[PDB]
């Protein structure tokens, strides 16, 4: 143990869609990461928000995170926090930085769909093929109950249809108009913005990274095939011992056939860009970014625990 990850301001890790701090009170979303950071001197809290909600709205994840931030500040005596969000958690973190800029020192997003997900567009589109609409009602009930059962606090505020809509590309574009950020490039640019923002006189350091394990590698008769560069081809034991590996290869194949380009299975490189883009070259699928499932990753994947730990040191050296 040492103080490699000791930051001036407490770190809050912010989960995305489906999440909670601990699924069924047992499986950490951020697998082994709070422990690692704490062993290296960090003060780190893990938010527990609705797994299925919008980020805006009175009952949304953003207001939930804002309330949680205030409790962390009261507990630590600190005056600001460093927000580190995965997937939708990066959108939630942007919300808090925008509405309570005095309480935030930095925003880091990991695999965050700032421009939405072509996979959400796909799923929304699928539901439109039920002319009765009953598929939407039934599957929403199913997913909402999954959220209640797996939430560590059995949080009943779950709205799967709102969560799905939130993550579509059209809706994300609206979100970015409603919650603009100096850290974002222009819509349609596949570019980032500035590395910092100053909002109401409060400076925030802005960072991101992306996983791009899923690479488009062949085009034949209009159909695009992908390669999972995180793995030794086919035989990698991560394909056997982590069911998300092949699942995210499959969803990532749907993504590339909707024009996403390289992606992590559910978020494209372009969608993930925000602030100072530290890397988009990690050979990671979306769950590898949070050391999931249960620490299993392909042989070519970088160590995500070490990446996050090094980023805590980066924050420390930057003065937050």
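Positions refer to the first chain, counted from 1.
Annotation for 159 to 167 versus 221 to 229: the higher mean temperature factor (C-alpha) is found in 221 to 229. The mean Cα B-factor in the deposited entry runs higher for 24 to 32 than for the other of 24 to 32 and 288 to 296. Comparing the C-alpha B-factors of 172, 81, 110, 134 in the entry, the top value falls on 134.
The top Cα temperature factor in the record, among 74, 105, 100, 182, falls on 74. When all modelled residues of the chain are sorted by CA temperature factor, residue 235 is found within the highest third. For residue 197, the recorded CA B-factor ranks within the lowest third of the chain. Only modelled residues enter the ranking. The entry lists a Cα temperature factor for residue 258 that places it in the highest third of the chain's modelled residues. Split the chain's modelled residues into thirds by C-alpha temperature factor. Residue 210 is in the lowest one.
When the modelled residues of the chain are ordered by their C-alpha B factor, residue 39 lands in the highest third.
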